[PDB]
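Structural data only, the sequence is not supplied:
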């Protein structure tokens, strides 16, 4: 993820 | 200004731009994940798109009209993420979803990991219909990512 | 803040695509603010  | 297709969602102040997400234009309505825009208005060329419907619990928002994406994962078949990562052209990645088991039922989920600004990229069935949007999920023990296939109701 | 959209392509299934990723079976919870969390 770079949870969203 | 609202031609069908997949779009990047960008922000800019006085300097360069940042890709914060992605969304789908279908039937004159723009569809993205709530966390991308926080439900704020969008510019499209010289036009303004105003929020119309949304639901923070689903992490979804639509602009210009009600949610139009009605296709559902069939609970069986492979799907494709049409990933639109920051600074990269759209690419299709095929996968067999896993499952988020919740108290309220099962949700398909894809174990595919992309930068945060890929949020809102569409997940497709074999007919090319959008069965949900990528980017709301969990991080499992090893640090990798699993996204729900998040779909609204038309 | 100027938040704006720009077209990035057509929405089309790709024939003979690369297949990757596993198919995890996870127990999760969804809170009223839209956060998913693993049930521990």
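Here it is on my side, so go on. Numbering: from 1, shown residues only, chains lettered A, B, ... in the order given.

Could you report the separation of the closest residue in space to residue B:103 that isn't next to it in sequence from residue B:60?
Of all residues not flanking residue B:103 in the chain, residue C:29 sits nearest, at 7.2 Å (Cβ to Cβ, 6 or more residues apart in numbering or on different chains). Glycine gets a C-beta too; all of them are placed from N, C-alpha and C. According to Cβ to Cβ, to the nearest Å, residue C:29 stands 18 Å off from residue B:60.

Please see if the longest strand along chain C touches chain B.
The longest strand of chain C (DSSP state E) is strand C:2-9. Yes - contact of strand C:2-9 with chain B (Cβ under 8 Å from any Cβ of the partner chain) involves C:2, C:3, C:4, C:5, C:6, C:7, C:8, C:9.

ok so, going back, what's across from the residue nearest to residue B:103 in the sheet?
residue C:37 (DSSP bridges).

where's the most centrally placed residue in chain B, which helix or strand?
Geometric centre of chain B, nearest residue: residue B:120, 2.2 Å, by Cα atoms, centre = their mean. Using DSSP states H and E, residue B:120 falls within no helix or strand.

ok, it - contacts?
Contact analysis of residue B:120 by Cβ atoms under 8 Å, 6 or more residues apart in numbering or on different chains lists B:9, B:21, B:22, B:23, B:24, B:31, B:32, B:33, B:36, B:133, B:134, B:135.

what's the farthest-apart pair in the residues you listed?
B:9 and B:134 (13.3 Å; Cβ to Cβ).
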